[PDB]
$ cat target24.pdb   # PDB, C-alpha atoms (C1' of nucleotides)
ATOM      1  CA  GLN A 353     -19.848  46.669 129.126  1.00  0.00           C
ATOM      2  CA  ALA A 354     -18.713  47.245 125.543  1.00  0.00           C
ATOM      3  CA  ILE A 355     -21.697  45.400 124.060  1.00  0.00           C
ATOM      4  CA  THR A 356     -24.220  47.235 126.246  1.00  0.00           C
ATOM      5  CA  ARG A 357     -22.646  50.641 125.590  1.00  0.00           C
ATOM      6  CA  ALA A 358     -22.643  50.034 121.835  1.00  0.00           C
ATOM      7  CA  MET A 359     -26.254  48.828 121.971  1.00  0.00           C
ATOM      8  CA  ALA A 360     -27.306  51.986 123.803  1.00  0.00           C
ATOM      9  CA  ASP A 361     -25.298  54.146 121.393  1.00  0.00           C
ATOM     10  CA  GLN A 362     -26.375  52.663 118.049  1.00  0.00           C
ATOM     11  CA  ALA A 363     -29.538  50.599 118.618  1.00  0.00           C
ATOM     12  CA  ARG A 364     -32.151  53.225 117.729  1.00  0.00           C
ATOM     13  CA  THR A 365     -32.489  55.496 114.709  1.00  0.00           C
ATOM     14  CA  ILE A 366     -32.863  58.494 117.034  1.00  0.00           C
ATOM     15  CA  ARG A 367     -29.888  58.482 119.390  1.00  0.00           C
ATOM     16  CA  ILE A 368     -30.792  58.221 123.081  1.00  0.00           C
ATOM     17  CA  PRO A 369     -28.159  58.863 125.784  1.00  0.00           C
ATOM     18  CA  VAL A 370     -27.181  55.904 127.944  1.00  0.00           C
ATOM     19  CA  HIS A 371     -28.542  57.674 131.030  1.00  0.00           C
ATOM     20  CA  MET A 372     -32.015  57.510 129.461  1.00  0.00           C
ATOM     21  CA  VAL A 373     -31.599  54.096 127.815  1.00  0.00           C
ATOM     22  CA  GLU A 374     -30.813  52.544 131.203  1.00  0.00           C
ATOM     23  CA  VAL A 375     -33.935  53.955 132.849  1.00  0.00           C
ATOM     24  CA  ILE A 376     -36.058  52.988 129.823  1.00  0.00           C
ATOM     25  CA  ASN A 377     -34.940  49.355 130.017  1.00  0.00           C
ATOM     26  CA  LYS A 378     -35.289  49.303 133.812  1.00  0.00           C
ATOM     27  CA  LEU A 379     -38.823  50.704 133.597  1.00  0.00           C
ATOM     28  CA  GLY A 380     -39.791  48.165 130.944  1.00  0.00           C
ATOM     29  CA  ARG A 381     -38.298  45.237 132.857  1.00  0.00           C
ATOM     30  CA  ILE A 382     -39.941  46.068 136.169  1.00  0.00           C
ATOM     31  CA  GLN A 383     -43.196  46.895 134.365  1.00  0.00           C
ATOM     32  CA  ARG A 384     -43.247  43.396 132.888  1.00  0.00           C
ATOM     33  CA  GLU A 385     -42.333  41.970 136.303  1.00  0.00           C
ATOM     34  CA  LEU A 386     -45.210  43.874 137.923  1.00  0.00           C
ATOM     35  CA  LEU A 387     -47.619  42.726 135.208  1.00  0.00           C
ATOM     36  CA  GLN A 388     -46.529  39.123 135.787  1.00  0.00           C
ATOM     37  CA  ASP A 389     -46.899  39.486 139.561  1.00  0.00           C
ATOM     38  CA  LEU A 390     -50.288  41.231 139.549  1.00  0.00           C
ATOM     39  CA  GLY A 391     -51.998  39.560 136.581  1.00  0.00           C
ATOM     40  CA  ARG A 392     -52.911  42.967 135.121  1.00  0.00           C
ATOM     41  CA  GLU A 393     -50.846  45.632 133.395  1.00  0.00           C
ATOM     42  CA  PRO A 394     -49.442  48.013 136.043  1.00  0.00           C
ATOM     43  CA  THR A 395     -50.969  51.475 136.133  1.00  0.00           C
ATOM     44  CA  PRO A 396     -48.864  54.597 135.471  1.00  0.00           C
ATOM     45  CA  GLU A 397     -49.089  55.588 139.144  1.00  0.00           C
ATOM     46  CA  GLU A 398     -47.805  52.164 140.228  1.00  0.00           C
ATOM     47  CA  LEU A 399     -44.977  52.389 137.692  1.00  0.00           C
ATOM     48  CA  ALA A 400     -44.104  55.861 138.996  1.00  0.00           C
ATOM     49  CA  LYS A 401     -44.061  54.560 142.574  1.00  0.00           C
ATOM     50  CA  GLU A 402     -41.733  51.741 141.521  1.00  0.00           C
ATOM     51  CA  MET A 403     -39.474  54.209 139.676  1.00  0.00           C
ATOM     52  CA  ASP A 404     -39.571  56.544 142.707  1.00  0.00           C
ATOM     53  CA  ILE A 405     -40.111  59.262 140.078  1.00  0.00           C
ATOM     54  CA  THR A 406     -43.098  61.377 139.126  1.00  0.00           C
ATOM     55  CA  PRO A 407     -45.792  60.016 136.774  1.00  0.00           C
ATOM     56  CA  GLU A 408     -45.143  62.932 134.410  1.00  0.00           C
ATOM     57  CA  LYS A 409     -41.540  61.774 134.029  1.00  0.00           C
ATOM     58  CA  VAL A 410     -42.731  58.171 133.658  1.00  0.00           C
ATOM     59  CA  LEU A 411     -45.033  59.194 130.799  1.00  0.00           C
ATOM     60  CA  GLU A 412     -42.271  61.301 129.237  1.00  0.00           C
ATOM     61  CA  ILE A 413     -39.954  58.278 129.289  1.00  0.00           C
ATOM     62  CA  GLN A 414     -42.725  56.106 127.832  1.00  0.00           C
ATOM     63  CA  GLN A 415     -43.291  58.474 124.907  1.00  0.00           C
ATOM     64  CA  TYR A 416     -39.523  58.855 124.437  1.00  0.00           C
ATOM     65  CA  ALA A 417     -39.118  55.073 124.130  1.00  0.00           C
ATOM     66  CA  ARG A 418     -41.124  54.984 120.881  1.00  0.00           C
ATOM     67  CA  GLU A 419     -39.256  54.118 117.671  1.00  0.00           C
ATOM     68  CA  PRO A 420     -39.841  55.357 114.101  1.00  0.00           C
ATOM     69  CA  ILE A 421     -41.503  53.332 111.365  1.00  0.00           C
ATOM     70  CA  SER A 422     -40.395  52.839 107.778  1.00  0.00           C
ATOM     71  CA  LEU A 423     -41.850  55.305 105.281  1.00  0.00           C
ATOM     72  CA  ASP A 424     -41.480  52.685 102.525  1.00  0.00           C
ATOM     73  CA  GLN A 425     -43.268  49.778 104.215  1.00  0.00           C
ATOM     74  CA  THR A 426     -46.374  48.491 102.463  1.00  0.00           C
ATOM     75  CA  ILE A 427     -49.520  49.980 103.998  1.00  0.00           C
ATOM     76  CA  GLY A 428     -52.192  48.283 101.898  1.00  0.00           C
ATOM     77  CA  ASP A 429     -53.658  44.866 102.572  1.00  0.00           C
ATOM     78  CA  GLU A 430     -51.753  43.646  99.515  1.00  0.00           C
ATOM     79  CA  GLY A 431     -48.594  45.150  98.084  1.00  0.00           C
ATOM     80  CA  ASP A 432     -49.822  48.204  96.180  1.00  0.00           C
ATOM     81  CA  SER A 433     -48.406  51.378  97.751  1.00  0.00           C
ATOM     82  CA  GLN A 434     -46.072  52.522 100.513  1.00  0.00           C
ATOM     83  CA  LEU A 435     -46.751  54.658 103.574  1.00  0.00           C
ATOM     84  CA  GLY A 436     -44.739  57.452 101.953  1.00  0.00           C
ATOM     85  CA  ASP A 437     -47.581  57.849  99.454  1.00  0.00           C
ATOM     86  CA  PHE A 438     -50.000  58.781 102.266  1.00  0.00           C
ATOM     87  CA  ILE A 439     -48.050  61.616 103.955  1.00  0.00           C
ATOM     88  CA  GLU A 440     -48.499  65.246 102.919  1.00  0.00           C
TER      89      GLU A 440
ATOM     90  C1'  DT B   1     -18.378  20.679  75.849  1.00  0.00           C
ATOM     91  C1'  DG B   2     -22.602  20.400  76.947  1.00  0.00           C
ATOM     92  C1'  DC B   3     -25.273  20.808  81.436  1.00  0.00           C
ATOM     93  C1'  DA B   4     -27.519  21.662  85.299  1.00  0.00           C
ATOM     94  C1'  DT B   5     -27.770  25.590  88.219  1.00  0.00           C
ATOM     95  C1'  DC B   6     -28.775  29.334  89.327  1.00  0.00           C
ATOM     96  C1'  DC B   7     -29.533  34.162  87.725  1.00  0.00           C
ATOM     97  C1'  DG B   8     -31.869  37.776  86.491  1.00  0.00           C
ATOM     98  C1'  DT B   9     -35.558  39.697  83.386  1.00  0.00           C
ATOM     99  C1'  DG B  10     -40.815  40.540  83.130  1.00  0.00           C
ATOM    100  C1'  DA B  11     -46.233  39.922  84.319  1.00  0.00           C
ATOM    101  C1'  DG B  12     -53.338  46.216  85.185  1.00  0.00           C
ATOM    102  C1'  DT B  13     -57.047  49.270  87.725  1.00  0.00           C
ATOM    103  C1'  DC B  14     -59.806  53.245  91.085  1.00  0.00           C
ATOM    104  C1'  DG B  15     -58.965  48.945 105.071  1.00  0.00           C
ATOM    105  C1'  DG B  16     -54.240  53.181 107.467  1.00  0.00           C
ATOM    106  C1'  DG B  17     -49.890  52.562 112.468  1.00  0.00           C
ATOM    107  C1'  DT B  18     -48.689  46.199 114.700  1.00  0.00           C
ATOM    108  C1'  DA B  19     -42.286  45.517 119.933  1.00  0.00           C
ATOM    109  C1'  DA B  20     -36.606  43.553 124.198  1.00  0.00           C
ATOM    110  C1'  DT B  21     -34.077  42.669 128.186  1.00  0.00           C
ATOM    111  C1'  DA B  22     -29.920  41.583 134.112  1.00  0.00           C
ATOM    112  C1'  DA B  23     -26.992  46.362 133.841  1.00  0.00           C
ATOM    113  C1'  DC B  24     -25.622  49.695 137.780  1.00  0.00           C
ATOM    114  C1'  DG B  25     -22.604  53.069 140.931  1.00  0.00           C
ATOM    115  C1'  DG B  26     -19.246  56.980 140.799  1.00  0.00           C
ATOM    116  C1'  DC B  27     -17.069  61.234 139.068  1.00  0.00           C
ATOM    117  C1'  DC B  28     -16.672  65.549 135.610  1.00  0.00           C
ATOM    118  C1'  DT B  29     -18.198  69.391 133.250  1.00  0.00           C
ATOM    119  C1'  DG B  30     -20.911  72.343 130.181  1.00  0.00           C
ATOM    120  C1'  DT B  31     -24.394  75.197 129.240  1.00  0.00           C
ATOM    121  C1'  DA B  32     -28.681  77.425 130.948  1.00  0.00           C
ATOM    122  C1'  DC B  33     -30.565  79.446 134.768  1.00  0.00           C
ATOM    123  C1'  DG B  34     -30.853  81.855 139.306  1.00  0.00           C
ATOM    124  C1'  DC B  35     -29.128  85.232 143.316  1.00  0.00           C
ATOM    125  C1'  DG B  36     -27.652  89.798 144.587  1.00  0.00           C
ATOM    126  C1'  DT B  37     -25.882  94.504 143.789  1.00  0.00           C
ATOM    127  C1'  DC B  38     -25.181  98.631 141.014  1.00  0.00           C
ATOM    128  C1'  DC B  39     -25.927 102.328 137.571  1.00  0.00           C
ATOM    129  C1'  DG B  40     -27.548 105.063 133.209  1.00  0.00           C
ATOM    130  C1'  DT B  41     -32.238 106.156 131.763  1.00  0.00           C
ATOM    131  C1'  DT B  42     -36.492 108.111 131.885  1.00  0.00           C
ATOM    132  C1'  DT B  43     -40.244 109.809 134.068  1.00  0.00           C
ATOM    133  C1'  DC B  44     -42.471 112.581 136.554  1.00  0.00           C
ATOM    134  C1'  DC B  45     -43.626 117.352 140.489  1.00  0.00           C
ATOM    135  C1'  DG B  46     -42.522 122.502 140.219  1.00  0.00           C
ATOM    136  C1'  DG B  47     -40.842 127.163 139.456  1.00  0.00           C
ATOM    137  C1'  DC B  48     -40.340 131.762 137.295  1.00  0.00           C
ATOM    138  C1'  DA B  49     -37.565 134.625 132.718  1.00  0.00           C
ATOM    139  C1'  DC B  50     -41.046 136.238 130.870  1.00  0.00           C
ATOM    140  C1'  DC B  51     -43.965 134.878 125.514  1.00  0.00           C
ATOM    141  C1'  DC B  52     -47.631 137.298 125.987  1.00  0.00           C
ATOM    142  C1'  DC B  53     -53.547 135.819 124.342  1.00  0.00           C
ATOM    143  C1'  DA B  54     -57.268 136.357 124.583  1.00  0.00           C
ATOM    144  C1'  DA B  55     -62.583 136.589 125.036  1.00  0.00           C
ATOM    145  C1'  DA B  56     -64.296 140.109 127.579  1.00  0.00           C
ATOM    146  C1'  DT B  57     -64.894 145.495 128.508  1.00  0.00           C
ATOM    147  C1'  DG B  58     -65.343 150.828 127.343  1.00  0.00           C
ATOM    148  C1'  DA B  59     -66.856 153.966 123.413  1.00  0.00           C
ATOM    149  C1'  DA B  60     -68.996 155.454 118.592  1.00  0.00           C
ATOM    150  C1'  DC B  61     -72.034 154.778 114.780  1.00  0.00           C
ATOM    151  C1'  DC B  62     -74.718 155.638 111.324  1.00  0.00           C
ATOM    152  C1'  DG B  63     -77.295 153.667 107.865  1.00  0.00           C
ATOM    153  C1'  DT B  64     -80.850 151.150 108.034  1.00  0.00           C
ATOM    154  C1'  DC B  65     -84.679 149.067 109.552  1.00  0.00           C
ATOM    155  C1'  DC B  66     -88.285 150.037 112.536  1.00  0.00           C
ATOM    156  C1'  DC B  67     -92.018 153.957 113.999  1.00  0.00           C
ATOM    157  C1'  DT B  68     -95.514 158.457 112.511  1.00  0.00           C
ATOM    158  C1'  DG B  69     -98.168 162.186 108.712  1.00  0.00           C
ATOM    159  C1'  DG B  70    -101.208 162.805 105.457  1.00  0.00           C
ATOM    160  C1'  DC B  71    -102.562 162.567 100.683  1.00  0.00           C
ATOM    161  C1'  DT B  72    -104.564 160.906  97.780  1.00  0.00           C
ATOM    162  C1'  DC B  73    -107.886 158.674  93.309  1.00  0.00           C
ATOM    163  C1'  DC B  74    -110.716 154.422  93.057  1.00  0.00           C
ATOM    164  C1'  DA B  75    -113.418 150.483  93.327  1.00  0.00           C
ATOM    165  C1'  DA B  76    -116.587 148.455  96.807  1.00  0.00           C
ATOM    166  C1'  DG B  77    -120.720 149.732  99.069  1.00  0.00           C
ATOM    167  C1'  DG B  78    -125.144 152.192  99.146  1.00  0.00           C
ATOM    168  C1'  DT B  79    -129.425 154.289  95.892  1.00  0.00           C
ATOM    169  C1'  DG B  80    -133.350 154.548  92.224  1.00  0.00           C
ATOM    170  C1'  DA B  81    -136.302 151.953  88.800  1.00  0.00           C
ATOM    171  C1'  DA B  82    -138.829 148.542  86.044  1.00  0.00           C
ATOM    172  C1'  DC B  83    -139.467 144.417  84.532  1.00  0.00           C
ATOM    173  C1'  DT B  84    -139.823 139.873  83.295  1.00  0.00           C
ATOM    174  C1'  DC B  85    -140.522 136.018  84.955  1.00  0.00           C
ATOM    175  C1'  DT B  86    -142.538 134.154  89.533  1.00  0.00           C
ATOM    176  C1'  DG B  87    -145.986 133.512  91.992  1.00  0.00           C
ATOM    177  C1'  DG B  88    -150.563 134.321  94.547  1.00  0.00           C
ATOM    178  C1'  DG B  89    -155.043 134.970  94.040  1.00  0.00           C
ATOM    179  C1'  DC B  90    -159.142 134.627  90.973  1.00  0.00           C
ATOM    180  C1'  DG B  91    -162.770 133.492  87.762  1.00  0.00           C
ATOM    181  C1'  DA B  92    -164.894 129.869  84.204  1.00  0.00           C
ATOM    182  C1'  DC B  93    -166.536 125.639  82.988  1.00  0.00           C
ATOM    183  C1'  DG B  94    -167.727 120.867  83.049  1.00  0.00           C
ATOM    184  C1'  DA B  95    -169.119 115.161  83.351  1.00  0.00           C
ATOM    185  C1'  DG B  96    -168.494 112.172  86.385  1.00  0.00           C
ATOM    186  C1'  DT B  97    -171.126 112.748  90.460  1.00  0.00           C
ATOM    187  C1'  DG B  98    -175.792 112.458  93.748  1.00  0.00           C
TER     188       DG B  98
END
$ encode --input "target24.pdb" --output "structure tokens"
Amino acid sequence: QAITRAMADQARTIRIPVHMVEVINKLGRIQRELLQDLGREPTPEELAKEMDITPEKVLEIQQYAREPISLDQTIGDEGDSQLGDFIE
DNA sequence: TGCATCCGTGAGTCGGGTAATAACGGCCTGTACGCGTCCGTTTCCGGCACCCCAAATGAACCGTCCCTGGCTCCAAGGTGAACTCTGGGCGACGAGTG
């Protein structure tokens, strides 16, 4: 319990409440299970049916689950400049 | 007292973005939102106290901008001649014509 709560609290750069972290992980787990079962990636409608929640909420959770990227990571093929040099 | 062992220095210029795992009830509340009722506001129909206001309704009105009277006082129209081309008619004479 302590490890999972701390993971949900401090895992991501943008804090996500545990109530949303739990559903994010559940959606991902059963999505991978459905992909394994079917042989093809489950569709958003199928994922919504499995969640017993609306596809709009499924898509909102999916876009919420995204994580930020480093502004200082090398963007070129070699090491020449960072992503922070390409943002206005 | 060297000696290897890091240890840290430095080494040129104008295609983009890629991912895990067991986690799951159950209860509290905090702020935003929704429901029902109630009341000051303001917004619009109507009336005289009258405030009158006015183009529209009666004059003159008289100077001026229209008529009539007639009187002229002059230049256009009508009247001659003769005359100087303008022209018609006429006579003379010949050399190609018969």
$ resolve_selection --input "target24.pdb" --expression "the PyMOL selection byres ((chain B) within 8 of (chain A))" --output "ChimeraX atom specification"
/B:15-16,21,23
$ residues_around --input "target24.pdb" --residues "residue 417 (chain A)" --least-positions-apart "2" --cutoff "12 Å" --atoms "all atoms listed in the file" --output "PyMOL selection string"
(chain A and resi 363-369+372-380+410-415+419-420) or (chain B and resi 19-20)
$ resolve_selection --input "target24.pdb" --expression "the PyMOL selection byres ((chain A and resi 424) around 7)" --output "PDB file with C-alpha atoms, in the frame of the given file"
ATOM      1  CA  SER A 422     -40.395  52.839 107.778  1.00  0.00           C
ATOM      2  CA  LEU A 423     -41.850  55.305 105.281  1.00  0.00           C
ATOM      3  CA  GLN A 425     -43.268  49.778 104.215  1.00  0.00           C
ATOM      4  CA  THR A 426     -46.374  48.491 102.463  1.00  0.00           C
ATOM      5  CA  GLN A 434     -46.072  52.522 100.513  1.00  0.00           C
ATOM      6  CA  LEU A 435     -46.751  54.658 103.574  1.00  0.00           C
ATOM      7  CA  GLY A 436     -44.739  57.452 101.953  1.00  0.00           C
TER       8      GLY A 436
END
$ atom_distance --input "target24.pdb" --atom1 "CA of residue 362 (chain A)" --atom2 "CA of residue 437 (chain A)"
28.7 Å
$ axis_aligned_box --input "target24.pdb" --around "region 69-72 of chain B" --padding-each-side "8 Å" --output "lines of an AutoDock Vina configuration file"
center_x = -101.4
center_y = 161.9
center_z = 103.2
size_x = 22.4
size_y = 17.9
size_z = 26.9
